[PDB]
Amino acid sequence: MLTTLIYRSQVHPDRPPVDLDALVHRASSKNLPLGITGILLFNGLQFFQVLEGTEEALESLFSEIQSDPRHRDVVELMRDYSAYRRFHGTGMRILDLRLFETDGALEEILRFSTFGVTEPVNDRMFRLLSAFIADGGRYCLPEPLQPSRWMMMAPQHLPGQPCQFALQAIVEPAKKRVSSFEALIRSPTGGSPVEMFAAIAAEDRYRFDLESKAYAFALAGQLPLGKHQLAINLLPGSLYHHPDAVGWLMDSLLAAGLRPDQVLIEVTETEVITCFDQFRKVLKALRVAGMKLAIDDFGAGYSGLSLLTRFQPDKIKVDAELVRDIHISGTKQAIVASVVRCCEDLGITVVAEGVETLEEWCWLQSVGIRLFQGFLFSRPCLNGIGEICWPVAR
Amino acid sequence: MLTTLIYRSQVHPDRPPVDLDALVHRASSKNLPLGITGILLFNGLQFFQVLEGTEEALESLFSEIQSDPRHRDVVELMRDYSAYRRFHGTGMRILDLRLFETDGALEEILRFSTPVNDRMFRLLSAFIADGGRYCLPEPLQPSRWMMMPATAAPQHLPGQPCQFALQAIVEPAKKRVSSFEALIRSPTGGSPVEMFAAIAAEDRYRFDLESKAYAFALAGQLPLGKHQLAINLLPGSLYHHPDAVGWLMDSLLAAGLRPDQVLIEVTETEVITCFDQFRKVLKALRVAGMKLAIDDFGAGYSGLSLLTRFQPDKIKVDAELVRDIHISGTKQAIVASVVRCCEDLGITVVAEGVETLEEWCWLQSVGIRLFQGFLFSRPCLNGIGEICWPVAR
Ligand SMILES: Nc1nc2c(ncn2[C@@H]2O[C@@H]3COP(=O)(O)O[C@H]4[C@@H](O)[C@H](n5cnc6c(=O)[nH]c(N)nc65)O[C@@H]4COP(=O)(O)O[C@H]3[C@H]2O)c(=O)[nH]1
Ligand SMILES: Nc1nc2c(ncn2[C@@H]2O[C@@H]3COP(=O)(O)O[C@H]4[C@@H](O)[C@H](n5cnc6c(=O)[nH]c(N)nc65)O[C@@H]4COP(=O)(O)O[C@H]3[C@H]2O)c(=O)[nH]1
Ligand SMILES: Cc1cc2nc3c(=O)[nH]c(=O)nc-3n(C[C@H](O)[C@H](O)[C@H](O)COP(=O)(O)O)c2cc1C
Ligand SMILES: Cc1cc2nc3c(=O)[nH]c(=O)nc-3n(C[C@H](O)[C@H](O)[C@H](O)COP(=O)(O)O)c2cc1C
Ligand SMILES: [Mn+2]
Ligand SMILES: [Mn+2]
Ligand SMILES: [Mn+2]
Ligand SMILES: [Mn+2]
C-alpha cells in the first residue's frame, strides 16, 4: 500500500560535513528499483525528508536511516497511507536550503511536485515542508541538551496501620531543588493503590480514600516538609460524597501541623471531565479554604485545553504517555510544547510525570518543562523521603 | 466571599499621557473603604491590575474600569474565589516596571504583599517577564478595519429529499475563499434538526450518508474549481454500510469532483466515544484520498488525547472559544496554543462562528488565517453566497 513517511534529524556539528552528493546519488539509485520517491532538505544543521513508497519499503528504509551515523535525533513527523505520489522523477531530490532566498526553495519544490487539484497549502506534506523551510530550527535539540553529555549521580514499613504512604519527589534539576512531594497510598503489606482499594468494600472506597489522607498528613508532619508542598490523590467522588470533606481534610491537615496552601489535591481529568456539575462546588470549597488543585494525567484519556475555560487548576501534570518516546515523536513534542506555553500564559505550573531516561528529560527540557516526576530522579519511598539522583555533565 | 480579579489593558499611544499618580491615589482612597485591595503594574504601553474583594464589589468596580476611556483592549486573565488577601492594607498602588532592574519589581511586590506556588504571583511574573506577548498590535485594532461586501443566487432544488446550503471558509489576507462547507437543509429550507426529525431514527445514519450525493451534485455543477468541499457526517453513518467510503468515492466522482477535493467533518465529541471502528474508516478515507477535519474542536473538552492517535488534515476551532476571545485571556491562550501545535503538525486551522471584527482581529493576532462565520459569509441555499472582506483604514 502506498505510504508517506516524513522525518527530521540533525547532523553532528563536531564531525566533518556530510557529503550530500554521495548521499543523494546512492539514495537515488537504491530508491528507484524499490519504487521510493521523495525529497530531502538540508539547512546546514538539520535534514528533513519526505519518503513515498510501499509501507514495507518505507519500513525497511527508515530502519536503515535511523541507524545511520551521519545524523542523530531522528524525529518522525508523519506516517500515513496515501492516494497518490506528490513527488515525481527519480533520484531522490535534494535542496540545500543555505542556497535559497525567501521563497526560492518552495518555488523549486513546486516545479516538479503535484499536490492535487486544490492549493498546495491544503496538503499536510507541503505544510510540513514549508514549516521546516520557514523555521526548521524550532525543534532542533540544543547542544547543551544532548543526552550523551549527561549522566545520573532507610524508612520502615507500618503494617499495623490500615494504609500507609510512599512519598515521591517532584524536582527542578536545573536548580537541584525539590519542588514538592506526592503521597502515594500503599496497602498494609506494601501493595499498590489498586490492591489497597480492592481490599476495601465498594461502598466504603470513597470514605476510605478521604480518610486515608490523615495518615499522609501525619507522615508529612513527622517529616521535615521545609516549606514544601504535599500533593494527595483523591477521587472526585471522595470529596463530593461527604457532608464536608473539605472541612474534614481541613481539620486533619491543621491537626497534623500543615497549612491549607501546603496541600495540593490531585484529580485526573478523566474523572473531572465526567462530572463538572459536582466538581465546581468542591473546587470552590477547596479554593476558599486555601488548598491547591492539580489535574493529574493530563493527556491520558480525554484531555483538553477547553477544560481550562471552565476553571483553571494550580498545576497540570503531563501524563507519562506524552512523555514516553517524546524524543522520536514530533507529535508528542508539539503537543507538550503547546501545553507548556499555554500553562505559562495561564499561570499554571506544569510537571512532566513518568520521566525514566535522560533522553526524555533532555527533550522535555527543550520544550520548556522545568519540573519533573519520575524514577530517573527519585522513586517512591515508603514512609519517608527518598534519595534524589541529579543529572550531571558528561 | 473573597475573590481575586486580574486583567491586563493597553494605553492609547496617540493621546496625552494619563496622570497615573492621580488615578492611583484616587483608586486607593476609594478601594480601601469598600474592602478592595490590589496593585497596578505599568510598562509604558500596558496595565496589569490585580483586584481583591467581594464578588459584588469587584463586579461593580471592574464594570467602571472596563468602560474607562483611559485604556482599551481590557482582557480578563483570572476571576476566582480566594482564601486570603495578598495585598492586605493596600487600596491600590502602582509599580512602573521601567523603574526597576530584573527581579526588582517582584522583590518590591514581596515587601508589601501579605510565592511561585500562587497563580496570581505567576501571572504577575509573566507580565513582568513578557507582558507584551498578547498586546494587540496597532494595525489589528478593530477601529482600523471595516467590512465591505464583495450578489447571492440561492435556489430551491425540487425533487430532492434534502438540500444544502453553502458557507465559505475564507482567507482574508489573500481575499480568497479556501473551501465551502455543505450544510444540510430540509426540502422546505429548514434546519438540519428539522431535516433529520422527518427521518425515522433507525434510518438517520443511512440518510446522512446518502444525502451527500446531493451535496456532491451541487458542488460539481457550480463549478467547484480548485476549492475544497467540506461535508459533515456522523461517524456511525460511515460504519453503517460495508463500503460507505467506496460509495462516497463513486458519488463524488460521478459529480465530477476529485477525492482530495472532498473533506469529511466529524465532531470531536463523536470521534472520542469510539476510537475503535473509526480507525478502519479513516484508513479507507486516506487510501481513497479524501481529507478529514475535526469540527467543533474544543467543545468536547478536546484534543490533546486525539492528536497522538491520529492527526486530521484540519481542525475547526469551536465557536465557544471564538466568542468573547477579545476579552478572555484564557480563550486567547488556548487558541494561540492550538494554532502553534497545528502549525508544528502541519494541520490547517479554521476559526468558526466569527461574528465581529473584534473577534477577527484578536484571532488574527494569535495566528489564525482561515475563518468561517457570518462576518464574512452567511450560508446560501444551493449556491455561493455573498462574501464580505475586512478592509483597512
Ligand atoms: N512507570 C513509571 N511510573 C512512575 C514513574 N514515576 C512515578 N511513577 C508512578 O506513577 C504513579 C503516581 O502517579 P499518579 O498518576 O498519581 O497515579 C496514582 C494515583 O492515581 C493513585 N493513587 C495513589 N494514591 C492514591 C490515593 O490515595 N487515592 C486515590 N484515589 N488514588 C491514589 O494510583 C495511581 C498509580 O499509583 P502508583 O502505583 O503509586 O504509581 C505511582 C508512581 O510510582 C516513572 O518514572 N515510571
Ligand atoms: N451563530 C453563528 N452561527 C454560525 C456562524 N457561522 C456559521 N454558523 C453556523 O454554524 C453551523 C455550521 O457548523 P457545524 O459545526 O458543521 O454544525 C452543523 C453540523 O453539525 C450540522 N450538519 C449540517 N449538515 C449536516 C449533515 O449533512 N449531516 C450531519 N450529520 N450533520 C450536519 O448541523 C449543525 C447545525 O448546522 P447549521 O444550522 O447549518 O448552522 C451552521 C451555521 O449556519 C456564525 O458566525 N455565527
Ligand atoms: C538524511 C538521510 C537521508 C537518507 N535517505 C536515504 C534514501 O532516501 N534512500 C536510501 O537508500 N538511503 C538513504 N539514506 C542512507 C541510509 O541511511 C543508508 O546509509 C543506506 O540506505 C544504506 O544503503 P547501502 O546498502 O547501499 O549502503 C539516508 C541517510 C540520511 C543521513
Ligand atoms: C488602569 C486603570 C485602573 C483603575 N483602577 C481603579 C481602582 O482600582 N479603583 C477605582 O475606584 N477606580 C479605578 N480606575 C478608575 C475607574 O475606571 C473610574 O474612573 C473611577 O473609579 C470612577 O469613580 P470616581 O468618579 O468616584 O473616582 C482605574 C482605571 C484605569 C484606567
Ligand atoms: Mn497523582
Ligand atoms: Mn499521574
Ligand atoms: Mn461542520
Ligand atoms: Mn462546527
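The numbers here are math on the coordinates, done by the rules we state, and not lab data. Using ideal geometry, Cβ is built from the backbone for each residue, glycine included, and neighbour counts are taken over all protein chains shown.
Listing for the model above:
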read-out	value
Between segment B:347-381 and segment A:100-118, the Cα center-to-center distance that results, in Å	28 Å
Whole-number Å³ per residue for the convex hull built on Cα positions in segment B:231-274	70 Å³
Exposure proxy ranking, count of Cβ atoms within 10 Å, fewest first, for A:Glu143, B:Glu194	A:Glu143, B:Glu194
Ratio Rg/Rh, restricted to segment B:170-268 and using Cα atoms, in which Rh is the Kirkwood radius	0.98
Cα pair distances in segment A:263-348, grouped into 5 Å bins until the bin that holds the longest one, percent each	3, 14, 25, 25, 18, 9, 4, 2, 0
Among the listed pairs B:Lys212/B:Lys291; B:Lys291/B:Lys314; A:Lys227/A:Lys315; A:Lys175/A:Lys227, those beyond 19 Å (Cα-Cα)	none
Gap separating the Cα centres of segment A:53-76 and segment B:222-253, nearest whole Å	35 Å
DSSP-defined antiparallel bridges as percent of all bridges, segment A:109-233, nearest 5	75 percent
Measure of compaction for the protein assembly as shown (Cα Rg per 2.2 N^0.38 Å)	1.03
Rg in Å to one decimal, and Dmax rounded to a whole Å, for segment B:1-79 via C-alpha atoms	12.3, 40
Neighbour-count order for B:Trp389, A:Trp390, B:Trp360, fewest beta carbons within 10 angstrom listed first	A:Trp390, B:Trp389, B:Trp360
Taking the C-alpha atoms of segment A:1-140, convex hull volume expressed per residue in Å³	106 Å³
Reciprocal mean inverse distance between Cα atoms of chain A - Kirkwood radius, Å	24.0 Å
Rg/Rg_globular for segment B:99-216, with Rg_globular taken as 2.2 N^0.38 Å and Rg from C-alpha atoms	2.02
Along principal axes, Cα extents of segment B:321-393, largest first, whole Å	35, 28, 23
Fewest-first sequence of A:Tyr81, A:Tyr139 by Cβ atoms within 10 Å of each Cβ	A:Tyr81, A:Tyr139
Nearby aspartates and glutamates by direct alpha-carbon distance to A:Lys30 (threshold 13 angstrom, same-chain neighbours under 8 apart not counted)	A:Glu64
Kirkwood Rh and Cα Rg combined as Rg over Rh, evaluated for segment A:212-371	0.99
Fraction of antiparallel bridges per DSSP, segment B:136-393 only, in percent to nearest 5	45 percent
Share, in percent, of DSSP beta bridges within the protein assembly as shown that are antiparallel, nearest 5	60 percent
